[PDB]
Amino acid sequence: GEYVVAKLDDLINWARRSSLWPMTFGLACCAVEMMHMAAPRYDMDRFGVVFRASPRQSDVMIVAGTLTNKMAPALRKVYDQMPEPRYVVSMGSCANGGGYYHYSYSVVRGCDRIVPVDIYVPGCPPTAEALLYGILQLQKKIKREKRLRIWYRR
Amino acid sequence: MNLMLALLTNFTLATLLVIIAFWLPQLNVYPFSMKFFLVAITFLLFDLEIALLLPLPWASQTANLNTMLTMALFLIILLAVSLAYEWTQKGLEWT
Amino acid sequence: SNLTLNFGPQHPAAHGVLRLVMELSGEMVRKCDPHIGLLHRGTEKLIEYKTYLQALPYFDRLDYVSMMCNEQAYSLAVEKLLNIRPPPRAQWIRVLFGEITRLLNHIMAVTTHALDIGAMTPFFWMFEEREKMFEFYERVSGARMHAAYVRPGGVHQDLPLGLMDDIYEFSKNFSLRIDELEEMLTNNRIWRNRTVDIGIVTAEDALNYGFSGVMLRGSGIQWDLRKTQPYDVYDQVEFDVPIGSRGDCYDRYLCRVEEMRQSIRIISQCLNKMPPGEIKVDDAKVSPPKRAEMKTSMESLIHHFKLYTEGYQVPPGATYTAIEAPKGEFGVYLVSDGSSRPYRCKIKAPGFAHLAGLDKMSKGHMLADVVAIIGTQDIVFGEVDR
Amino acid sequence: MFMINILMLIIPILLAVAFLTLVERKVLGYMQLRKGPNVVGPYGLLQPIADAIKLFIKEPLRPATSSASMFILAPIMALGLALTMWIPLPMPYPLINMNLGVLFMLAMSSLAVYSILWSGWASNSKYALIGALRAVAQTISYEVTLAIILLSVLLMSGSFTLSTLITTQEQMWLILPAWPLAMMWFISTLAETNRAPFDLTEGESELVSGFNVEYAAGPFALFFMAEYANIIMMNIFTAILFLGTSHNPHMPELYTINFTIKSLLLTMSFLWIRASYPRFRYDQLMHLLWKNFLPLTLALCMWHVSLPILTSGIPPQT
Amino acid sequence: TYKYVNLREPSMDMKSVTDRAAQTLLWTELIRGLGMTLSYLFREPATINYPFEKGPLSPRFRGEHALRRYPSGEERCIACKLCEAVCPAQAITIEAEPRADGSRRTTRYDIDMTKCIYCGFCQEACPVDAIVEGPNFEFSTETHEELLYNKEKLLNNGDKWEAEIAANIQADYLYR
Amino acid sequence: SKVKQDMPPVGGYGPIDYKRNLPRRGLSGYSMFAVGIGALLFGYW
Ligand SMILES: CCCCCCCCCCCCCCCCCC(=O)OC[C@H](COP(=O)(O)OCCN)OC(=O)CCCCCCCCCCCCCCCCC
Ligand code: SF4
Ligand code: SF4
Ligand code: SF4
């Protein structure tokens with residue numbers, strides 16, 4: 001009953017947070033720190049976060065850089081093609097809320113005007129370690145999901 | 001019989017792993033190119049002469065080795081001439 | 001047939017996003033039409049609403065692989081308009097970190113070029129070296145990338161005690177790392193098949209198309225701004241300018257690898273010739289005073305107050321100042337109207353003219369070659385789009 | 001007992017493929033001065049399990065397919081054929097001892113391109129069909145040299161029975177008399193399985209906007225298992241062909257250990273090679289086949305027809 | 001001064017020609033590349049065990065902002081607005097009035113951490129070491145709103161991190 | 001107090017290699033072909 005649903009949630013949550021395949025939108029300088037998270041010192045692959053992931057095989061989108069108006073429709077399209085469950089990590093001030101270019105005529109003031117965001121990673125850029133802290137924070141967010149618990153009580 | 005049973009198991013399992021993988025997850029709710037034709041055709045014509053070469057491990061047992069060696073080499077040389085003709089006529093180009 | 005290239009590869013990439021609209025006939029590329037502006041952020045307009053100090057961090061974020069070099073270009077332009085001179089120790093520090101920045105850029109340029117062509121492994125080896133150089137940035141400025149360290153008048157702070165020893169230990173081993181990279185690529189017949197005779201550009205065309213840096217020297221043009229129009233203390237260091245002979249991707253790759261070796265050679269002289277003294281110009285109407293002075297002397301407090309609110313006024317005038325940035329000639333056309341905010345700041349990004357030549361360079365090549373040609377130009381769209 | 005025997009072949013294959021993914025990531029990791037999976041389970045031993053579960057509960061991609069029949073056929077053909085190539089392999093005893101086992105493997109592998117062709121045909125995307133046609137053209141091209149090389153080697157074996165390759169190599173590995181053929185065989189298996197530096201399907205689809213997966217996560221995992229089952233199988237076959245293991249009839253398990261070690265090392269060399277080289281251009285790997293391997297294989301096929309006759313080393317027919 | 005990176009004549013003597021034919025046919029330079037990746041396989045990796053191990057940082061590191069106090073507990077900030085004037089991103093918003101005891105103190109002190117570029121100009125500009133960038137970098141949030149810091153949040157950051165902040169300033173203030 | 005700032009050690013730092021170093025290894029072309037051909041002959045025999 002409730003015990004079986006509770007453990008199934010743990011199993012599927014464990015599988016999903018242990019196999020987070022990211023689609024990186026390397027838009028600007030924040031993408032450089034993202035590359036350093038893949039580099040040997042941090043090796044995001046060792047957490048199960050694969051290096052190369054196709055957008056249709058992805059579970060998390062990382063918005064790493066400034067989002068311009070010219071680019072916003074293309075970013076939304078990639079998000080819409082992501083199979084679920086899908087999560088968005090906003091990395092850096094530009095993606096978080098426009099940052100240094102907040103008052104620009106050509107810049108989206110935060111990617112959360114285009115897509116829902118799960119984690120906001122602050123910094124300009126956030127260090128590779130700060131990004132990794134954010135990814136680990138998303139994993140614990142997935143760990144708290146109770147999808148089957150909610151479904152059982154419907 | 002054993003072979004057919006092995007074949008049935010392999011594809012039946014493949015059919016099963018595909019049917020449930022196509023159906024069970026649905027329960028969880030939320031400019032013709034001439035160059036490419038000619039590589040295919042060239043593969044076919046080389047494949048046919050490979051067919052004529054397959055019996056060679058059995059042909060080497062003959063008491064008529066003189067004829068067998070001549071015909072084996074003759075067949076492989078005509079393959080080399082076929083490749084040479086395509087090569088010299090730019091049938092293996094991509095530009 | 002018409003085809004559009006993807007915004008970026010399926011692995012982490014930090015060059016930005018590009019919409020490449022191509023016309024193909026079979027395997028061959030007949031037309032290339034890059035559609036940029038996907039990272040256009042109106043930097044040049046935003047600068048007009050900033051004081052000269054407030055605008056300096058914008059230059060970290062142009063070619064965001066060559067941060068301190070972009071800072072140097074802007075600092076030199078303002079120093080020229082201000083008619084002041086940074087002190088000798090700051091100039092040596094700027095050259096030292098300018099060449100550390102060149103190493104950072106060339107690792108990124110060479111290894112991501114290889115990574116996009118399919119050679120993934122060198123990217124990982126050399127980005128550990130980049131991580132150690134990020135630590136030098138962080139130890140002088142407190143930031144791994146956007147240091148905002150080089151400023152008009154000199155540098156923000158002096159090197160912490162013990163930093164130069166660590167830069168020596170790093171430099172001592174780096175040439176071995178380059179050798180390992182060359183072992184993987186230089187003589188590899190697959191690498192040579194992907195680069196040799198790809199994207200050839202003649203010396204005459206390279207000049208008329210506005211090319212600079214390695215895009216000129218790969219074609220045999222003997223030109224390097226550090227040699228011909230030296231700035232800071234580049235006239236006081238010895239190094240050789242690598243020159244290509246075929247004008248193709250392979251020669252440009254060899255030029256970048258050899259430039260890394262020359263950067264180590266320059267860093268070695270900087271570590272030994274570093275002079276003592278102050279690290280920013282001793283003119284408190286331009287460079288803020290020391291914090292202890294600001295908290296004790298009336299004049300220092302006033303000048304600190306005014307430099308951080310109004311900022312220094314710059315005499316009216318216009319300058320085009322350029323440096324040999326790792327990607328080529330990086331310049332600023334800076335217009336001062338006499339106030340503390342620049343009237344106009346046009347940024348000359350070397351990758352802008354290089355990318356405009358993609359269609360010319362890709363003629364008569366195949367689709368996979370377009371990836372190699374983009375890599376050999378070393379394009380970052382922060383500086384292209386601004 | 002036979003149905004049990006089939007399961008003791010199929011199920012271990014799929015588990016090996018699952019854990020080849022872990023091994024590939026960790027071996028590539030250490031050659032890249034990093035670690036690879038070491039959190040999900042000790043030393044990453046639960047990483048394949050997490051990946052498997054994740055992929056099968058992922059939302060399935062909606063298939064905008066122009067042919068439902070060929071859309072479901074392709075993964076079944078790929079996975080069924082992959083499992084079928086294992087049934088004649090002598091390890092040291094085959095599941096099915098076939099007199100013409102080499103021809104069976106040659107004939108069954110020639111059908112593998114139908115899954116590539118049917119999947120692209122069903123994709124209902126011009127970009128997917130072009131990629132499928134490019135992948136087929138590369139596959140059939142390298143089938144040519146694989147067949148001729150295999151025939152040349154059999155002229156020292158005298159038979160199409162795979163178990164006879166064990167007898168042939170009782171004194172010496174066939175890599176000694178046939179290392180020129182071994183080198184071209186090894187590279188041809190890389191190109192046949194679309195492995196780096198011949199991974200043009202993955203390479204090209206990355207560039208082209210509109211050349212996507214078109215299969216849901218679960219069905220796409222079945223394609224991946226089929227591909228990796230083939231990678232292990234091709235390296236088991238390479239070990240049998242060129243590094244023959246001595247068989248003791250009373251201690252068959254001794255053969256299995258040694259032959260397993262060789263197969264693992266050959267499989268790891270595929271990972272070793274992936275970590276070391278850039279990718280070929282499509283026209284460049286076609287030239288490698290048609291203008292290099294094929295001329296050399298033809299000359300070596302002529303040589304290996306003549307050599308047993310001129311040395312008086314013709315193998316027995318049986 | 002310049003040098004040629006690729007201007008060499010291959011020798012055409014038979015020995016040299018046969019060295020190149022051996023390289024072509026026997027893949028010697030490809031084998032050499034395999035040697036390099038094999039040697040790396042047996043090298044200790046550079047990976048650290050985050051979050052149990054951390055990347056090294058210096059006292060100058062620019063992290064999360066905090067508002068500081070004097071040893072007596074009085075706020076250091078006297079609402080001069082130099083940080084707000086210099087901020088390149090206009091991330092700082094300040095209002096002030098005379099405090100009930102007559103002190104010059106802020107009634108609003110906001111930092112929009114999603115506008116901020118983490119440049120450290122505010123702490124350079126501050127004349128009384130009131131606003132600093134602390135050493136913390138692990139403060140990612142689940143909502144955008146959580147990154148709009150008001151004065152209470154910044155004072156709480158100061159009280160939370162003062163032990164580390166004070167030591168870092170002690171380490172670097174003679175370079176300023 | 002004396003001035004104390006980051007400076008090079010007295011006498012400067014030790015030498016820093018920067019030139020390309022790709023050592024030559026292996027046999028000559030004649031030697032490699034001889035080894036390869038000798039292996040074939042033993043295999044054939
Ligand atoms: C006594 C008389 C007896 C008669 C017989 C005598 C024989 C004498 C001749 C012996 C030498 C024959 C060698 C045959 C091997 C094939 C050689 C070959 O094809 O190499 C050429 C090919 C292309 O090289 P390229 O530089 O482009 O040449 C210019 C072409 N226009 O280059 C390539 O193929 C390179 C392939 C690139 C991909 C390689 C990636 C992996 C490489 C490492 C694997 C090492 C091999 C491991 C073998 C394992 C076997 C189990
Ligand atoms: S937040 Fe900073 S580092 Fe990131 S893209 Fe914007 S300016 Fe660049
Ligand atoms: S660090 Fe820079 S951008 Fe952030 S609040 Fe301070 S002055 Fe403004
Ligand atoms: S934090 Fe410092 S600079 Fe800012 S208003 Fe307060 S006292 Fe002035």
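Both ligands and their constituent atoms are indexed starting at 1 by order of listing. Reckoned from all heavy atoms, side chains included, excluding hydrogens, waters and symmetry mates. Chain naming here is simple, since letters A, B, ... match the order of the sequence lines and numbering starts at 1 in each.
Judged by the shortest distance from any of its heavy atoms, C/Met145 lies outside the 4.0 Å radius around the atoms of ligand 2. Note on ligand 1: D/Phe242 sits outside its first shell, no heavy atom being nearer than 4.0 Å. Contact between A/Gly65 and ligand 2 is present, with at least one heavy atom of the residue lying under 4.0 Å from the ligand.
Within the protein, the N, O or S atoms sitting under 2.8 Å from atom 8 (Fe) of ligand 3 are E/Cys87 SG.
D/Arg279 forms no cation-pi arrangement with D/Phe198, by the criterion of a distance under 6.0 Å to the ring centre and an angle within 45° of the ring axis.
Numbered from 1 in the order shown, with element, the atoms of ligand 2 that lie under 4.0 Å from a heavy atom of A/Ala28 read 5 (S).
Taking distance alone, with nitrogen or oxygen atoms compared against 3.5 Å, C/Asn193 stays at or beyond that limit from ligand 1. Between D/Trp179 and ligand 1, a contact under 3.5 Å exists for no N or O pair.
Among the backbone and side-chain atoms of A/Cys124, none of the N, O or S atoms lies under 2.8 Å from atom 6 (Fe) of ligand 2.
Distances from atom 9 (C) of ligand 1 to the protein include no heavy-atom value under 4.0 Å. Protein heavy atoms are found inside the 4.0 Å sphere centred on atom 22 (C) of ligand 1.
Contact annotation for D/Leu296 and ligand 1: only side-chain heavy atoms (C-beta onward) come within less than 4.0 Å of the ligand.
Formation of a donor-acceptor pair under 3.5 Å by the E/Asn150 side chain with backbone atoms of E/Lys153 is found in this model.
For atom 8 (Fe) of ligand 2, the closest heavy atom belonging to the protein is A/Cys29 SG, 2.3 Å.
Summarising the contacts of atom 32 (O) of ligand 1 with D/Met184, C/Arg189, D/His287, the nearest heavy atom is found in C/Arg189.
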